[PDB]
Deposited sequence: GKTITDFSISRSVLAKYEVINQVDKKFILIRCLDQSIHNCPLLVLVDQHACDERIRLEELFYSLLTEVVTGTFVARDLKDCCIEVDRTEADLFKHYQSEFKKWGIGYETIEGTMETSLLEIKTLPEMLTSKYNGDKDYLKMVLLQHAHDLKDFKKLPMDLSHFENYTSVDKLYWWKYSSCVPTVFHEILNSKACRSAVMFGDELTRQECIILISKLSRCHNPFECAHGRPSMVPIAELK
């Protein structure tokens, strides 16, 4: 299924947009144009998801101390945060519920600190978004009673705010259309792309390659 890509040889870059690749023993496999941006975005994303999940699982995830951040919440909203407090700690979001009630956010992870940027209204929405996600069984809690590491086993448990943050970081750092890639740079891209968990889609879910044969 994925082992088909491992049997692909790089030809060269096409229109500074694609990387043309070529495949005896042809059981559903001859020519495929790999989207260079989607290829780099994919490799880059899986590196970012590995970095985040290895950090979170080993308790090495950075949680920068936030000062004077109190957010007004509903009685049920306050109860929803009192419930999943332990869950938000796993992501570096350390807060205390006051008592109408108020959410006293003590700490935040370095990426969320950056994206929030003093917008209490944005931050409230993002935590509520995950609290509701957990509550309505849309997202599972992070089980850390497992004591190598496979980031994709825990990928589904990453809050949407982080997911969004990692997708944009991947896309931004990635190679763009109209960029010059040497045959060697392409060999390397496709070499790493074939070592991905999901090499057939990009960070934003779009297909990373279209066979032409």
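Stretches of the deposited sequence absent from the structure, as judged by C-alpha coordinates, are 1-9, 33-35, 112-115, 164-170, 237-239.
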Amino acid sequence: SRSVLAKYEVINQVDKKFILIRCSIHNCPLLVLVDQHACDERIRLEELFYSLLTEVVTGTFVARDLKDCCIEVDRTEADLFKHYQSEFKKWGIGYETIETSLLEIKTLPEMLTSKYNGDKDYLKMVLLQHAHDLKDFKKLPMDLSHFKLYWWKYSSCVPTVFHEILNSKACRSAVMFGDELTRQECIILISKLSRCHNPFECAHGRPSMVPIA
From here on, numbers count along this sequence of modelled residues.
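For the cut-off of one third of the other compared entries, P29 qualifies: that many or more give it no coordinates while modelling its flanks. As the entry records it, the average C-alpha temperature factor is higher for 67-75, out of 118-126 and 67-75.
Between the stretches 102-110 and 138-146, it is 138-146 that shows the larger average CA temperature factor. The PDB entry assigns the greatest CA B-factor among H26, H163, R183, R42 to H26.
Sort the chain's modelled residues by C-alpha temperature factor and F49 lands in the lowest third, per the entry.
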